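Structure record follows, encoded as structure tokens.
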Amino acid sequence: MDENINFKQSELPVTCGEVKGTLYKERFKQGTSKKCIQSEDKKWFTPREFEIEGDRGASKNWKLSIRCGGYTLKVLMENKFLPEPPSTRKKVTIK
């Protein structure tokens, strides 16, 4: 059902510790398996390499270290914004 962050724009706004960025759908299909976030340094980073620049690197969990439009990847992967293997099921809490 989505909310306010439409990924149909080919570009999804991300924010890792105030470190905003541009997410590319062409690679988003893999998430942490393909760098689709372009930083002001004119370079693409992976949800992990980005967590290092936004947080520090010891954050470990990148699904929480980075946000997207409002909700982190952890939630974005829990609602529907991101594909990934069977998230959970139906009638699940949190959108």
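For the sequence shown, position 84 matches number 174 in the working numbering, and the numbering has no gaps at all. All C-beta atoms, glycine included, are put in the ideal place defined by N, C-alpha and C.
Exercise. By a C-beta neighbour count over all protein chains shown, 10 Å radius and 16 as the cutoff for buried, is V182 buried or exposed?
Worked result: exposed
Exercise. Just checking my contact of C106 with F118 at CB under 8 Å: how many whole Å lie between their CB atoms?
Worked result: Actually they are not in contact, since the Cβ atoms of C106 and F118 sit about 15 Å apart, beyond 8 Å.
For this session: Could you have a look at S100 and say whether DSSP puts it in helix, strand or coil?
Result: coil
Exercise. Are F171 and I156 touching if we call contact CB-CB under 8 Å?
Worked result: no
Exercise. What does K110 pair with, by DSSP beta-bridge criteria?
Worked result: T105
Exercise. Just checking my contact of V109 with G147 at CB under 8 Å: how many whole Å lie between their CB atoms?
Worked result: So it is not a contact: roughly 13 Å between Cβ atoms.
For this session: Classify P175 as buried or exposed, calling it buried when 16 or more other Cβ atoms lie within 10 Å of its own Cβ.
Result: exposed
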